[PDB]
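Here is the structure we will look at.
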Amino acid sequence: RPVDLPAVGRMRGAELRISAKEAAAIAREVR
Amino acid sequence: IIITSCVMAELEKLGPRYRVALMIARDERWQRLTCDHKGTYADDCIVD
Amino acid sequence: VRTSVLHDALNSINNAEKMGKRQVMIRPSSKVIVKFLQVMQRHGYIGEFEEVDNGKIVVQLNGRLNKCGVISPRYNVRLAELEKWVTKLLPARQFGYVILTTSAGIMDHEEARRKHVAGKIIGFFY
Amino acid sequence: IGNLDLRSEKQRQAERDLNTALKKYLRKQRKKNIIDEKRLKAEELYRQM
Amino acid sequence: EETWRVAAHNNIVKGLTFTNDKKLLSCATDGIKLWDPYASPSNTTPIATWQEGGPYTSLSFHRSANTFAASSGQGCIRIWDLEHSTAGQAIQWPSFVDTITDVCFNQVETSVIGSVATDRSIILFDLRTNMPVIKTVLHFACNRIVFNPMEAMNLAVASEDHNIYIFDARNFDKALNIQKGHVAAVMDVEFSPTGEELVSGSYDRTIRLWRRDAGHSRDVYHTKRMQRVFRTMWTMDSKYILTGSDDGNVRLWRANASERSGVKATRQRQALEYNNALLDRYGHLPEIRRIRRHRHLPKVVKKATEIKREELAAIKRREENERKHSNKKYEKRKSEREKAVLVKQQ
Amino acid sequence: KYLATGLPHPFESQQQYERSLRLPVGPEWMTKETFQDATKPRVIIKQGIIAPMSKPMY
Amino acid sequence: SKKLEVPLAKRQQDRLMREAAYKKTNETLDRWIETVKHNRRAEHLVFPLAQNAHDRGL
Amino acid sequence: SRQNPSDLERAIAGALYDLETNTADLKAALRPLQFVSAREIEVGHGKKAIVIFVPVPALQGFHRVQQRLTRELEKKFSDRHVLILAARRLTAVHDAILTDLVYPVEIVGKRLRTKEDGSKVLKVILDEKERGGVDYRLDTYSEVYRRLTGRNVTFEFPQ
RNA sequence: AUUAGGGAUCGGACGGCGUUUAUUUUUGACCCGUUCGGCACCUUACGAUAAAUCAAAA
Ligand SMILES: [Zn+2]
């Protein structure tokens, strides 16, 4: 499995797609 | 967190796609032991 | 069609990285892309570039670029949130950089730490 | 050993730089019987002869 | 293990060397620094520094005395003398900005300088008469310079033509030799101190080793632990080369890769040079020839050299068709080392 | 397979080449001093520092 | 020919000045041309040179 | 117009008058033009050059008539580089200054070469069909645009 | 964002060392070089991934 995938969202080429659910989850991990 | 030289050899010999992880291996703060064998089979190395 | 000519350029950029070509031709160009190339040359993934008009850009590289990517929803982020976004994007906290449009302009997470500003994450490189 | 091949060296040089017999020629090639544009040139030359 | 270790800059260190006495030198974009490694207690701090002249692309040091030169990217080179200079002499093509990658001090004729510029162009310099001397413009770019440590007018350039060009300073009318030896563009060259051999270190996974007078590959070297070779230089016996990789490695390799060194016996060297002479005599026949030129080669590289041969064969085909069916037919066919130069300029 | 395919580039003629080689360096057919003087190499590199040349020699 | 001339353009001026520098350098290369020619058409080259032999005449 | 005449401004006013009279057999932008503006600062060491600031329809008036005009201007007037330019009071104005500086040749390319650090340089490459009589004027033109703008742009015929 | 080009395919348009129309200029047929555009092969994937689908499910 590719090392070069960060652990957040799906990528199509260089477009890393993030949902608002994922972003709000990041905010929750901050909180 | 030591890395046998055989393991370092295996992770270079793997494709360029793991270059970041190879760098992380390559880090200098962690000690190293050489080996005396022929041809880079990591599992045999560690178990020995 | 892909309206982010930014990401289209960076697609070509990672394509040149994968194909070992030491140059590119960003056929439609713009200043935010130029600023991104300035920061990538600030920390040295790229050798040197220039822009020509009829406008396109040629960029000579090393090989020490691994990946460039864009944050498509263009998210907002603050300081402790910057630390969390850093660790949830990058492999290790001392490699690569993320790309943050601040009110002071465009800068990395390291420059954002130096100047203590929040802003919007739009992309990254490692 | 190491002497030259005449035919092969002629092929090499070529690829680098690039009344009494015609009667036996026609008699030998009258049995083929490819229409043979070179035999057409030979027939016109024998006609001029 | 290591002799002496320190961090030097922020960005990627572009240049490095040693002083003729003992000290060592570092260029990077942050600046020029000077440490002393073989101090009896170690210090990490430098003992000389400069930050003025823009991003410093490379170093070049004097064969005998305490001269060095720093090539920047502003289309400018500038020379210091140790212990007696601060900002040095700034020399350039007097109306020129385009960047200077590297510079090698000649060691045949000292006090002479050549440098490469990104106009696909080279410039020869002098230090007595403080001025550039000449500027040659070729078809596509050049990456790193050298002059031969025996044949003074003979220089060599390492070029994004994927090519090593042997030029001669007095006469830039034709390339003295064309080394058309690669797929990817050459990252480095170094003349052997014999003056008879040459390392050409590609961007790709390939060192190729050379005499001065083949025009083709005597040796190809690699192993897959080394993706992209960068700095490829000889040692002082001209037997053992060094190979600084992209994969984070310093490698110690050999030239003439089948010669097992040491101290031989008399009949041994007899047999070895006997092999040499015999191979010299018969180095053309198909059998021995193919077992001679048959190295082993990585897959993308071999596919790509087939690609290069096919594409350039088509290119030559289009050229000769244009010649035969154009008015170029009533002209002299220019030879390839004549064709090698585009233009020359003073 | 043993016949010479291409003329080696330095030579010019068939008699030049095929009457030039003509002789075996090997030890069984010539003297020992013949052997030494023939088989010595064009460059001889002895062991040590090869710095570039300082002064003219010729 | 004591006449001063019209001050020419800076481009042609530096062109001829660096041309004079080129002629100087070419003279200093002709001072080795014969030695390079020797080591070309010579019989057997030797390394290391006893001229940079750090113990030369002792 | 806008000027009270200076020591060489009155000289070039009298010069356009002496081009009106006692000469050719060419007069289209000679008579309807007055003293408009000019400036003289040295170019390099010792060498000097004159810029003449011109009203915006008299620019195309000159583009009708500039052949032989700068030539007579230099051979009678002080033997230095004579150059006409528009009189204006941002970036598009700078490009107008450039394309009006280089009047006989059309530019083709603008290469903004970046460096390994935050420095940039501008270069403009010109047309090939006129290359001869431009090189010894190139340093002059560049010193002019630098002194008028403050920006260092270098001019080239590409090779 | 291209694959990677090459072989041909014709639609133009451009050129020419030339043959035939041509009694000589047009112009047309053959050949070549340039150029866009496309039906499609093959190889290498630049990767894929759900495989049998691939120069596209890259
Ligand atoms: Zn082991």
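Every chain in the structure tokens has a letter given in the order shown (A, B, ...), and although residue numbers restart at 1 in each chain, ligands are simply numbered from 1 in the order shown.
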Taking only C-alpha atoms (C1' of nucleotides) and all ligand atoms into account, which residues are within 12 Å of ligand 1, as a PDB file with N, CA and C atoms, in the first residue's frame?
```pdb
ATOM      1  N   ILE B   3      18.497  -0.908  13.571  1.00  0.00           N
ATOM      2  CA  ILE B   3      18.164  -1.341  12.230  1.00  0.00           C
ATOM      3  C   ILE B   3      19.340  -2.135  11.697  1.00  0.00           C
ATOM      4  N   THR B   4      19.132  -3.415  11.444  1.00  0.00           N
ATOM      5  CA  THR B   4      20.225  -4.158  10.855  1.00  0.00           C
ATOM      6  C   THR B   4      20.552  -3.610   9.474  1.00  0.00           C
ATOM      7  N   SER B   5      21.836  -3.645   9.145  1.00  0.00           N
ATOM      8  CA  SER B   5      22.248  -3.208   7.827  1.00  0.00           C
ATOM      9  C   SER B   5      21.571  -3.990   6.718  1.00  0.00           C
ATOM     10  N   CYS B   6      21.213  -5.253   6.958  1.00  0.00           N
ATOM     11  CA  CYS B   6      20.434  -6.003   5.979  1.00  0.00           C
ATOM     12  C   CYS B   6      19.070  -5.364   5.741  1.00  0.00           C
ATOM     13  N   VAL B   7      18.413  -4.908   6.808  1.00  0.00           N
ATOM     14  CA  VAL B   7      17.112  -4.263   6.670  1.00  0.00           C
ATOM     15  C   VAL B   7      17.242  -2.967   5.897  1.00  0.00           C
ATOM     16  N   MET B   8      18.256  -2.174   6.232  1.00  0.00           N
ATOM     17  CA  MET B   8      18.513  -0.956   5.479  1.00  0.00           C
ATOM     18  C   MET B   8      18.736  -1.255   4.008  1.00  0.00           C
ATOM     19  N   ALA B   9      19.444  -2.342   3.713  1.00  0.00           N
ATOM     20  CA  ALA B   9      19.642  -2.727   2.327  1.00  0.00           C
ATOM     21  C   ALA B   9      18.329  -3.097   1.671  1.00  0.00           C
ATOM     22  N   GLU B  10      17.455  -3.791   2.396  1.00  0.00           N
ATOM     23  CA  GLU B  10      16.197  -4.189   1.780  1.00  0.00           C
ATOM     24  C   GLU B  10      15.339  -2.984   1.480  1.00  0.00           C
ATOM     25  N   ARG B  32      23.372   1.108  14.707  1.00  0.00           N
ATOM     26  CA  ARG B  32      23.387   0.144  13.620  1.00  0.00           C
ATOM     27  C   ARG B  32      24.358  -0.967  13.942  1.00  0.00           C
ATOM     28  N   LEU B  33      24.032  -2.162  13.492  1.00  0.00           N
ATOM     29  CA  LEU B  33      24.928  -3.299  13.587  1.00  0.00           C
ATOM     30  C   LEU B  33      25.169  -3.817  12.180  1.00  0.00           C
ATOM     31  N   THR B  34      26.428  -4.065  11.843  1.00  0.00           N
ATOM     32  CA  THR B  34      26.742  -4.709  10.578  1.00  0.00           C
ATOM     33  C   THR B  34      26.351  -6.166  10.593  1.00  0.00           C
ATOM     34  N   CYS B  35      26.521  -6.825   9.458  1.00  0.00           N
ATOM     35  CA  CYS B  35      26.329  -8.262   9.386  1.00  0.00           C
ATOM     36  C   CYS B  35      27.400  -8.926   8.538  1.00  0.00           C
ATOM     37  N   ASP B  36      27.491 -10.241   8.694  1.00  0.00           N
ATOM     38  CA  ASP B  36      28.410 -11.106   7.977  1.00  0.00           C
ATOM     39  C   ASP B  36      27.553 -12.215   7.402  1.00  0.00           C
ATOM     40  N   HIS B  37      27.241 -12.082   6.130  1.00  0.00           N
ATOM     41  CA  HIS B  37      26.410 -13.017   5.393  1.00  0.00           C
ATOM     42  C   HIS B  37      26.673 -12.743   3.925  1.00  0.00           C
ATOM     43  N   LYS B  38      25.825 -13.271   3.052  1.00  0.00           N
ATOM     44  CA  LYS B  38      25.970 -12.936   1.645  1.00  0.00           C
ATOM     45  C   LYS B  38      25.016 -11.839   1.163  1.00  0.00           C
ATOM     46  N   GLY B  39      23.695 -12.091   1.139  1.00  0.00           N
ATOM     47  CA  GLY B  39      22.847 -11.469   0.113  1.00  0.00           C
ATOM     48  C   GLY B  39      21.476 -10.944   0.536  1.00  0.00           C
ATOM     49  N   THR B  40      21.358 -10.343   1.716  1.00  0.00           N
ATOM     50  CA  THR B  40      20.231  -9.487   2.135  1.00  0.00           C
ATOM     51  C   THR B  40      18.884 -10.207   2.220  1.00  0.00           C
ATOM     52  N   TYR B  41      18.795 -11.163   3.135  1.00  0.00           N
ATOM     53  CA  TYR B  41      17.511 -11.688   3.579  1.00  0.00           C
ATOM     54  C   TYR B  41      17.314 -11.288   5.038  1.00  0.00           C
ATOM     55  N   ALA B  42      16.471 -10.276   5.238  1.00  0.00           N
ATOM     56  CA  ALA B  42      16.330  -9.629   6.539  1.00  0.00           C
ATOM     57  C   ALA B  42      15.852 -10.580   7.628  1.00  0.00           C
ATOM     58  N   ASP B  43      14.947 -11.492   7.299  1.00  0.00           N
ATOM     59  CA  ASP B  43      14.354 -12.342   8.318  1.00  0.00           C
ATOM     60  C   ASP B  43      15.389 -13.281   8.904  1.00  0.00           C
ATOM     61  N   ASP B  44      16.152 -13.932   8.029  1.00  0.00           N
ATOM     62  CA  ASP B  44      17.301 -14.706   8.454  1.00  0.00           C
ATOM     63  C   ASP B  44      18.241 -13.866   9.287  1.00  0.00           C
ATOM     64  N   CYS B  45      18.454 -12.611   8.883  1.00  0.00           N
ATOM     65  CA  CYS B  45      19.346 -11.746   9.646  1.00  0.00           C
ATOM     66  C   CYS B  45      18.877 -11.575  11.088  1.00  0.00           C
ATOM     67  N   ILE B  46      17.619 -11.159  11.271  1.00  0.00           N
ATOM     68  CA  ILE B  46      17.123 -10.843  12.613  1.00  0.00           C
ATOM     69  C   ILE B  46      17.076 -12.086  13.471  1.00  0.00           C
ATOM     70  N   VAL B  47      16.653 -13.205  12.891  1.00  0.00           N
ATOM     71  CA  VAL B  47      16.515 -14.387  13.715  1.00  0.00           C
ATOM     72  C   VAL B  47      17.879 -14.890  14.127  1.00  0.00           C
ATOM     73  N   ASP B  48      18.902 -14.643  13.310  1.00  0.00           N
ATOM     74  CA  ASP B  48      20.230 -15.030  13.746  1.00  0.00           C
ATOM     75  C   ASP B  48      20.708 -14.148  14.886  1.00  0.00           C
TER      76      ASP B  48
END
```
_Taking only C-alpha atoms (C1' of nucleotides) into account and nothing else, which residues of chain E lie no more than 12 Å away from chain I? Please answer as a ChimeraX atom specification._
/E:299-300,302-304,306-315,317-331
*Which parts of range 80-273 of chain E does DSSP call strand (DSSP E or B) when run on the backbone here, written out as a count of residues only?*
87
_10 Å contact set for range 39-53 of chain C, only C-alpha atoms (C1' of nucleotides), chain neighbours under 6 positions out, as an MDAnalysis selection string_ = (chainID C and resid 22:27 29:30 59:68 96:97 99 106:108 124:126) or (chainID E and resid 10:12 29 99) or (chainID H and resid 108:118 120:124)
*Tell me which of E:171, E:202, E:268, E:276 sits closest to chain C, counting only C-alpha atoms.*
E:202
*What gap, in Å, lies between CA of residue 13 in chain C and CA of residue 58 in chain C?*
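CA of residue 58 in chain C lies at a distance of 10.7 Å from CA of residue 13 in chain C.
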*Using only C-alpha atoms (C1' of nucleotides), find which residues of chain A lie within 12 Å of chain I and jot them down as a list in words.*
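Therefore, the residues near the partner are residues 12, 13 and 14 of chain A.
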*CA of residue 115 in chain E to CA of residue 127 in chain H, straight-line distance in Å*: 28.6 Å
*Hey, which of E:53, E:204, E:281, E:289 ends up closest to residue 17 in chain F? Count only C-alpha atoms.*
E:281
